[PDB]
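Chains as they are written, first to last, in the authors' numbering: chain 5, 4 to 163, 186 to 219, 234 to 275, 280 to 457, 466 to 553; chain 4, 269 to 303, 310 to 362; chain 1, 16 to 52, 80 to 97, 109 to 126, 326 to 360, 393 to 422, 425 to 440, 496 to 522, 527 to 614, 678 to 742, 751 to 773, 913 to 957; chain 8, 27 to 54, 84 to 164, 192 to 212, 219 to 258, 275 to 357, 383 to 403, 412 to 454. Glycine included, C-beta positions come from ideal geometry on N, C-alpha and C. A short write-up of the structure that comes next.
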Amino acid sequence: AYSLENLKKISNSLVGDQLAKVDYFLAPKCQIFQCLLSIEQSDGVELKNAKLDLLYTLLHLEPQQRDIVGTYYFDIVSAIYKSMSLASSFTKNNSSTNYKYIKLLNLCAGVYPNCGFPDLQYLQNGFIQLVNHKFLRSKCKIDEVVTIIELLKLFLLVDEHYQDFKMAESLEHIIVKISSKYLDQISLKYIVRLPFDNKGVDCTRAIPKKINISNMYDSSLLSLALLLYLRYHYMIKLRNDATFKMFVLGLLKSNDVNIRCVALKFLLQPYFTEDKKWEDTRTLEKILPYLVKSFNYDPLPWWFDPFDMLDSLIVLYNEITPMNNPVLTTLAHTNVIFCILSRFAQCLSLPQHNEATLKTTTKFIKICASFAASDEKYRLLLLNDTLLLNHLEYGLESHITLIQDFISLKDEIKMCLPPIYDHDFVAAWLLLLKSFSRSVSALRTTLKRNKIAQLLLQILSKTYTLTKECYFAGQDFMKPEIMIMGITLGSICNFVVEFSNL
Amino acid sequence: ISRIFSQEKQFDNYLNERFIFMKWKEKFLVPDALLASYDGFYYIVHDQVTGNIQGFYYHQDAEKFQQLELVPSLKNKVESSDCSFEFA
Amino acid sequence: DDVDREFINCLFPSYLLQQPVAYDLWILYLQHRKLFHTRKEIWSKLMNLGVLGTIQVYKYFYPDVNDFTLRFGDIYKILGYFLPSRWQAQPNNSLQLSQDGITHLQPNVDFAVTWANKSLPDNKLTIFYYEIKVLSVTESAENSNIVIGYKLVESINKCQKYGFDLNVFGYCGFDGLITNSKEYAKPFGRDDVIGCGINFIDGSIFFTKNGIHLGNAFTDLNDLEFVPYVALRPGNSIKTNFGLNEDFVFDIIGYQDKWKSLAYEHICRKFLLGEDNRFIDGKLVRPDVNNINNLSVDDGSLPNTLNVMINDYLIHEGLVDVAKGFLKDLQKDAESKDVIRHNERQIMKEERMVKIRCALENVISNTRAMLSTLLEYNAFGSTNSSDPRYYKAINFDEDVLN
Amino acid sequence: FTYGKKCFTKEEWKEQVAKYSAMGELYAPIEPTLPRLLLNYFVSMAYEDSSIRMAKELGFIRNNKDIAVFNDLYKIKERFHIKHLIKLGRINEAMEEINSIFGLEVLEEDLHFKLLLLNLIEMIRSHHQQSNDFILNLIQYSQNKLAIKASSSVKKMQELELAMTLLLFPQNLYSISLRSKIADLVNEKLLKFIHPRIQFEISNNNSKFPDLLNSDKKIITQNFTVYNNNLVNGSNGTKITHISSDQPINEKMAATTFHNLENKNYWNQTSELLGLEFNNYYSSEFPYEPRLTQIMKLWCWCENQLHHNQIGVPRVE
């Protein structure tokens, strides 16, 4: 029997210290978990809030402590996804219980993102009704607004027909409702070279002044809603309006990092999806300095990666027009490519490495292989360094030794198994090898080494015998291997042309 | 000097013109690169209709105006078959 | 009212209005205020007087908010402007300039050199910036015979023959290399916006290319006077933007905000003053100490002095009940006892004076006065003449009081 | 010794002061913004009676219900209670009301270590001033409550070691001003935490009360951002650095799923590993202090900078 005062005292005694909740997990006093998980519909709202608060406090554990505890933590998380039925009664509960429930769901999805969530549709329906009835009619309290923000955060974490249309309509309504208050701060004084009209705005490199959203909840709601709208709206307007385009262009210079990042994601989406959009190079020249500045911010969101977007733009222009790349020419004149190559040479020379340094080096190798995919200038400039090919051979040799060591111990191990930790590293190195091998002078002078060819053949044979023998490791262990086979065969089919020496 | 460049600025597509002007430069040795009398370069004119190549060889510390005058090599079979390759 | 604000933002550059030079621009606008005296009407009036028309039309962007919610859901000569606004026409008639002097500039082989309308005072502003745009090229496409930058004001034939002299701090377009050099940048060609700026806090000259900041070229250039300067060979032309007509490309406002935030971080992160103790024989004498003011938050002397001043201001304004409440709150919170006794004596004296029948505003006014006195006398940073001068980054009335 | 650059007498200094006072009055010898600054100072320092009387005199408070609504909005009584309990030495009760009234999000997400350390110093001083079991309990509390927090940071371990070294005996740590400093930091953090609710209740509910922290003209950000220039930009030159190591990298080492956020901040950690220190202190951390203290900081700094540069000015009397 646990009352409100007992749960309040337990909650007060567990703040800060992480050893006491580990003790609560380990001890046979864990019967409270049953009381923590039997959320009856007849229970009091204060009791429900105390139970949800204690559930949130107990699961807020450091990774070392959750490694000490073990499988019981994940058992509690899975039972939270399976036992409590607050999602079915989303419209029936009050706003505080809903807010604490979505906060607990956010924590559970953050700690255990593998197991399935079987009640997303009820949450989507509750979100649609909540924004259609209360928020859009200016009849919302504080807790409902924070619940909408938490639901937007939870919906952004989903990996992934009528409900999609309803969600798109609701998000467009949220964007139009919020952005219409700050739409009067757009001001640009320009010159057309041939007065209150808006003809010829897309002929200058200037963008309107900085637009600042003073309200913090409005800025958070606008950012999250516009990101989900970017996820949704092509399946089902706002992109083609000139006023909204100027509004986002003015939002590019804001103070909030999330606003700048979501503006960069909004403006650069039609280049990859729309047809004949890549001819608009003036918008690209207007956008690119702010992406370069977005490389330089210390707190960055998890949904924004400047390396991926720059690489995607360069690969797009390499695939469409191989002879002319606007991004490379506008980055070479403004001293950015030399900085990128210098940072790559600095990352390859760090005395101490971890997983983060490997990921940074992998992104640098990918962008450097994207530089030299269709230009001989950057190919020869990269091959001017005499220590790059040594590191390429070192990476290939490391992967071969790792694969051979895993093959040699297949009987002892024998089912989900994690992949080999440097599959992306080797894939990026093979991308550089292919881009270097795409030129005849390098095939006849610089890539003359037999070690590269024998390493490629060894990688192919070892990966094929992995797929033949150790198939019990699962698909997550084998998909990077088959990708490596494809890239190695591409490099090989480049080296086997008749007028190459190998 | 400026006049010829100004007149050059209004020319049409160069692939639709009968004559193609270009420059040739020898890079290295073909059988084994490691195992230099090619410091100059060739001014080359190529005629597409008859497909023949004329040109001059220029180097500062050498003799001037050495001619080339190439012609296509006739084969021993009028029927021709086509092979192909593509860099990946 | 808002009409004066709309006019002064429509007349002067925006980044200049967020510096301590904005007082002079406000005075200049208010002196000639009879000429001028919902923003569409103000812009139309300014165009009728003429700020938005030339010959290339000076367009303006006006959004449509109601439609968006429906479908979805020379005057500068008259005023007295003292900053550069146009190029100066050379008396030898070697240049072709437009009527406004900024829209076109073409030489009529030796360089044709010219400078700007006015010079830049050292002790008046924080950051200056202006841009040029290459319109035509007479070699390669990305190679122009233009030298653009600043010139020291105290050789002209040397500038015409070579392009620059020992007093020119600038950027050359024919080789992408600064004047008195080094690997700094690359040459610029046709349709390239090249910006030049000077920073008076640390005293450095920087250049920008197509909105990208290219770094500091020259350093340690304080206590000096500069003029914008350009040199062009015949065949190529530029369009100049000083900020009065159109909007910049760079985002110089973010640069200024970063420097202002750095200055604010550096600065902001007994209990009776009495008479001035350094008056002897009617003159000020320098004490042989390191500082004259020794108040700090960490010792509690600054909150005590602030509380004494607040109590004196509240009593002086006829707010004795509020002072009593403040004294009661200070008693509830608890050399603070001496402050409590002094405040209690002050309310007792005020009650006695009321039964028989400031210092804060001085602090504010003196803070503004010493900020301006620091600005106009070219004070050193901390010890050396190379440290940054942070007092140039403070607009006291627009960033602290409001 | 005398001032070399300039030596102002009373008359010309008064002339300059009058000129800039006229300029400030036209922007705004009286300052129209001083009562608002006084109200901000009274509310932000958690004073009950003076803030209510100042708001009544300025024309906001008219009923007792308005007094209750104002004290609910700015949480003056609760913050004053927390500050009083921190200064007195009832630390556990202070986190009790912090977790009870303000939620647990305030403590779960830098002052927790400070509060725990101040509780440890208070307990040690109470044990010394007024034997094996108590010392064992104190050692267990020190080694259990703050083990991870002290082991996480080098300065944390240094502070814990200094406190432990000072414990085994019979000035700043023993000073009473540390409690007031921690109370002021807690108050500033609490105001920063509850500012968005105040913004929402002023804007959406159309309350007649003002926003004393931030005016509508200026900008403000909820987060703190450090801008690291000279990392990826064009301000480095047209030269290329070469690799200076020939040692291999590996030697120096119906269900709905969710994204994996493991190792998503790799670039920040790497760039930390890979006229300076630009950030947004003005728009994130500046407006959450009493403004009059900032004005006296500026006044003292300007006075010392004028005295340094051989310029003599009369002082305020």
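Scanning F412 (chain 1), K554 (chain 1), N719 (chain 1) for the CA closest to the CA of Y529 (chain 1) turns up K554 (chain 1). Within its own chain, the residues whose Cβ lies closer than 6 Å to the Cβ of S417 (chain 5), once the five positions on either side in sequence are excluded, are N361, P365, listed in chain order. Closest in C-alpha terms to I199 (chain 5), from the list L540 (chain 5), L89 (chain 5), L265 (chain 5), comes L265 (chain 5). For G239 (chain 5), the residues of chain 1 that pass the 9 Å Cβ criterion are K112, in the order they occur in the chain. Cβ contact annotation for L310 (chain 5) (same chain, cutoff 7 Å, sequence separation greater than five): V291, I330, in chain order. In the DSSP annotation of this structure, the continuous segment of the alpha helix (DSSP H) that includes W85 (chain 1) starts and ends at 81-91.
Ranked by how close their Cα comes to the Cα of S230 (chain 8), the residues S219 (chain 8), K243 (chain 8), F195 (chain 8) have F195 (chain 8) in first place. Of all alpha-carbon atoms in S337 (chain 1), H758 (chain 1), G936 (chain 1), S606 (chain 1), the one lying nearest the alpha-carbon of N586 (chain 1) is that of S337 (chain 1). Of the candidates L199 (chain 8), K32 (chain 8), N95 (chain 8), the residue whose Cα lies closest to the Cα of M252 (chain 8) is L199 (chain 8). The beta carbon of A362 (chain 4) sits closer than 8 Å to some beta carbon of chain 5. For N545 (chain 5), a Cβ of chain 4 is located within less than 8 Å of the residue's own Cβ. With respect to the 8 Å criterion, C544 (chain 5) and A362 (chain 4) are classified as neighbours on the basis of their beta carbons. A distance of 8 Å or more separates the beta carbons of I383 (chain 5) and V370 (chain 5). 8 Å or more divides the Cβ of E422 (chain 8) from the Cβ of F304 (chain 8). Within chain 1, the C-beta atoms nearer than 7 Å to that of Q431 (chain 8) come from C613, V955, in chain order. For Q326 (chain 8), no CB of chain 1 lies under 8 Å from its own CB, so it is not counted at the interface with that chain. Inter-segment contact for the stretch 719-734 of chain 1 and the stretch 762-772 of chain 1 is present: three or more beta-carbon pairs are separated by less than 8 Å. Boundaries for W396 (chain 8): no beta strand (DSSP E) harbours it, while the alpha helix (DSSP H) harbouring it runs 395-402, taken from the DSSP string.
In the same chain as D122 (chain 5), and ignoring 5 residues on each side of it, the C-beta atoms closer than 6 Å to its own belong to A90, in chain order. The Cβ atoms of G511 (chain 1) and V418 (chain 1) lie no closer than 8 Å to each other. When 8 Å is used as the limit between beta carbons, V25 (chain 5) is near no residue of chain 1, the shortest such separation being about 38 Å. Neighbours of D162 (chain 5) in chain 8, taken as residues whose beta carbon is under 7 Å from its own, are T386, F387, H388 in chain order.
Distance check between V161 (chain 5) and each of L208 (chain 5), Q210 (chain 5), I145 (chain 5), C118 (chain 5) places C118 (chain 5) closest, using alpha-carbon atoms only. The secondary-structure analysis by DSSP pairs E415 (chain 1) across a beta bridge with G540 (chain 1), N586 (chain 1). Per DSSP, reduced to three states, the secondary structure at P469 (chain 5) is coil, with no helix or strand assignment. Of all residues in the stretch 564-596 of chain 1, those with a C-beta nearer than 8 Å to a C-beta of chain 5 are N590, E591, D592, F593, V594, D596, reading in chain order. By the Cβ criterion, the stretch 598-609 of chain 1 is in contact with the stretch 943-956 of chain 1, since at least three pairs of Cβ atoms, one from each stretch, lie closer than 8 Å.
According to DSSP, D321 (chain 4) shares a beta bridge with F287 (chain 4), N326 (chain 4). Cβ atoms of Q322 (chain 4) and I288 (chain 4) come within 8 Å of each other, at about 7 Å.
Residues of chain 5 whose Cβ lies closer than 7 Å to the Cβ of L559 (chain 1) are, in chain order, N378. In this structure, the alpha-carbon of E343 (chain 4) lies about 29 Å from that of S551 (chain 5). When 9 Å is used as the limit between beta carbons, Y215 (chain 5) is near these residues of chain 1: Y111, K112, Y113, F114, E591, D592, in chain order. Straight through space, the alpha carbons of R325 (chain 5) and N921 (chain 1) are spaced by roughly 51 Å. Taking CB atoms only, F359 (chain 4) has a neighbour in chain 5 less than 8 Å away. Assignment of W39 (chain 8) by DSSP, reduced to helix, strand and coil, places it in the helix class.
Looking only at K678 (chain 1), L703 (chain 1), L929 (chain 1), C541 (chain 1), the smallest Cα-Cα distance to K753 (chain 1) is reached by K678 (chain 1).
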